[PDB]
Amino acid sequence: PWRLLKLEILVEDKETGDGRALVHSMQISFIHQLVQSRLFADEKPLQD
Amino acid sequence: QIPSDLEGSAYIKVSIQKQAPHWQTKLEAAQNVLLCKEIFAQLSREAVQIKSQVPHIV
């Protein structure tokens, strides 16, 4: 299977997010686990 | 610890064209950023809401 070495979110607005990142690394790591799990589901993986 | 949204430096820039002590520096810069945000909020609200001759674009 595939490993998800680094996942990053490029969506940014430096005003709504109060001069900080839009998504904290906690939530990015959560999505990292979720997409790693659905990679381990072993379908056609890249579409999912 | 300064609030985020107040870091960096900001300044109002006004132009006319024919076209279409360590902590002291930090706290002064953040206070200046706060006052520039206050100024521009006042200006943009008066531009949008107050009816004036030859209206503006914000």
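Chains as they are written, first to last, in PDB author numbering: chain N, 244 to 291; chain Q, 246 to 265, 289 to 326. The beta-carbon is built from N, C-alpha and C at its ideal position, and this holds for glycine as well.
*Which residues of chain Q have a Cβ atom closer than 8 Å to the Cβ of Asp261 of chain N, listed in chain order?*
Against the first sequence, residue 261 of chain N aligns to sequence position 18. Per Cβ cutoff of 8 Å: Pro248, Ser249, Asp250.
*Given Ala315 of chain Q, which residues of its chain have a CB within under 7 Å of its CB, disregarding the five upstream and five downstream residues?*
Mapped onto the second sequence, residue 315 of chain Q falls at position 47. Taken in chain order, the residues that qualify are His324, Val326.
*Pair within 9 Å by beta-carbon distance, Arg263 of chain N and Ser249 of chain Q*: Here residue 263 of chain N corresponds to residue number 20 of the first sequence, with the count starting at 1. Here residue 249 of chain Q corresponds to residue number 4 of the second sequence, with the count starting at 1. Going by C-beta atoms, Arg263 of chain N is nearer than 9 Å to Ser249 of chain Q.
*Quick one, which of Q:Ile247, Q:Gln246, Q:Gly253 has its alpha-carbon nearest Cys304 of chain Q's?*
Taking the first residue of the second sequence as position 1, residue 304 of chain Q is located at position 36. For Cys304 of chain Q, the nearest C-alpha among the options comes from Q:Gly253.
*In angstroms, rounded to a whole number, what distance separates the CA positions of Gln292 of chain Q and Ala298 of chain Q?*
On the second sequence, residue 292 of chain Q is found 24 positions in, with the first residue counted as 1. On the second sequence, residue 298 of chain Q is found 30 positions in, with the first residue counted as 1. One C-alpha to the other measures close to 10 Å.
_Distance, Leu253 of chain N Cα to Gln290 of chain N Cα_ = Reading the first sequence from its first residue, position 47 is the one you call residue 290 of chain N. Reading the first sequence from its first residue, position 10 is the one you call residue 253 of chain N. Near 20 Å, if we compare the C-alpha coordinates of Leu253 of chain N and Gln290 of chain N.
_Which of the three DSSP states is assigned to residue 279 of chain Q in this structure?_
No coordinates are present for residue 279 of chain Q, because the numbering of chain Q runs from 265 directly to 289.
_Other residues of its chain near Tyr256 of chain Q: CB distance less than 7 Å, five sequence neighbours each side excluded_ = The residue labelled residue 256 of chain Q in the question sits at position 11 within the second sequence. So the qualifying residues of the chain are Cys304.
*Three-way DSSP call (helix, strand, coil) for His324 of chain Q in this model*: Here residue 324 of chain Q refers to the residue found at position 56 of the second sequence. Correct three-state label for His324 of chain Q: coil.
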